[PDB]
């Protein structure tokens, strides 16, 4: 788990933030760069969930109200699947 902390520290999950925000406004390479970054966590499901948790943590200031929070949380939960990566079975995004 110290291995996980080190790669999350060096990870750049800003493309995931931008892609997710682009996605909801609809309803270029941000997605691919995001999936590239998340691919580094595919071999450790616990670390993958921590990465999604940190994206949710950093996005609290930009989200107002439960409707916005739910709308962003749904896309975040589906992000590994949309990246063609194995998703964590259990993952609480709080």
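Positions refer to the first chain, counted from 1.
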Notebook entry, point to check: Which fits the stretch between residue 27 and residue 28: none, 1 to 3, 4 to 9, or 10 or more deposited residues lacking coordinates?
Noted result: 10 or more
Next item on the list: Would you mind comparing 65-73 and 28-36 for me and telling me which has the higher average C-alpha temperature factor in the entry?
Entry: 65-73
Checklist line | 37-45 versus 56-64 - which carries the larger mean C-alpha B factor in the record | finding: 56-64
Margin query: Quick check for you: using the entry's CA B-factors within this chain, is residue 12 in the lowest, middle or highest third?
Written below: lowest
